[PDB]
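> Let me see the structure of the following:
(chains A and B)
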Amino acid sequence: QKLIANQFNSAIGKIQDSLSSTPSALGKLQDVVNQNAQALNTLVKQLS
Amino acid sequence: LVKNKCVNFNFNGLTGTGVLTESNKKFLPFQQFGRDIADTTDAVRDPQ
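Numbers count the residues shown, from 1 in each chain, chains lettered A, B, ... in the order given. Dropping the coordinates below:
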């Protein structure tokens, strides 16, 4: 139980490092932000 | 000239409708108009 608890606690610690050091992890959500911003910017530019 | 209040302006035949305000936009001496991404005139030099 102490081994399993320590492995869980250590693996939960690695999540913060993994997300912080990997910009391509959040890239699936950042692409939702980027696509909808790019679609509105294209719609505004088309008024010129 | 009326500022900070919504007005139906016309500068040198450039008709529009908006709130005019003073601005920090550093127009170079040759420039009379400034344009937005949508080509809408975004600032004007007052001709008087």
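> is the spatially most central residue of chain B in a bridge, and if so with what?
Within chain B, one residue has its C-alpha closest to the average C-alpha position: by Cα atoms, centre = their mean, that is residue B:44, at 2.7 Å. Partner residues in beta bridges with residue B:44, using DSSP bridges, are residue B:33.
> How much space separates it from residue A:32?
For residue B:44, the distance to residue A:32 equals 38 Å [Cβ to Cβ, to the nearest Å]. Where you see a C-beta, it was placed from the backbone N, CA and C, and this is true even at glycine.
> if I pick the residue nearest to the centre of chain B, what's in contact with it?
If you count contacts by Cβ atoms under 8 Å, 6 or more residues apart in numbering or on different chains, residue B:44 has them with B:11, B:14, B:32, B:33, B:34.
> Swap in 10 Å and give it another go.
Taking Cβ atoms under 10 Å, 6 or more residues apart in numbering or on different chains as the contact definition, residue B:44 lies against B:9, B:11, B:12, B:14, B:16, B:20, B:23, B:25, B:27, B:32, B:33, B:34.
> Please indicate which of those are buried?
Among those, those buried by neighbour count (16 or more other Cβ atoms under 10 Å in any protein chain shown) are B:9, B:11, B:20.
> What separation is there between the first one and chain A?
The reference is to residue B:9. In this view, residue B:9 and chain A are 20 Å apart by Cβ to the nearest Cβ, to the nearest Å.
> That residue touches residue B:16, doesn't it?
Yes - when contacts are counted by Cβ atoms under 10 Å, residue B:9 is listed as touching residue B:16 (5.5 Å).
> Show me the common contact partners of the two, please.
Each of B:41, B:44 lies in contact with both residue B:9 and residue B:16 under the rule Cβ under 10 Å, 6+ apart.
> which bits of chain A sit near chain B?
Counting by Cβ under 10 Å from any Cβ of the partner chain, the positions of chain A adjacent to chain B are A:41, A:43, A:44, A:45, A:46, A:47, A:48.
> Nice, that's everything, thank you.
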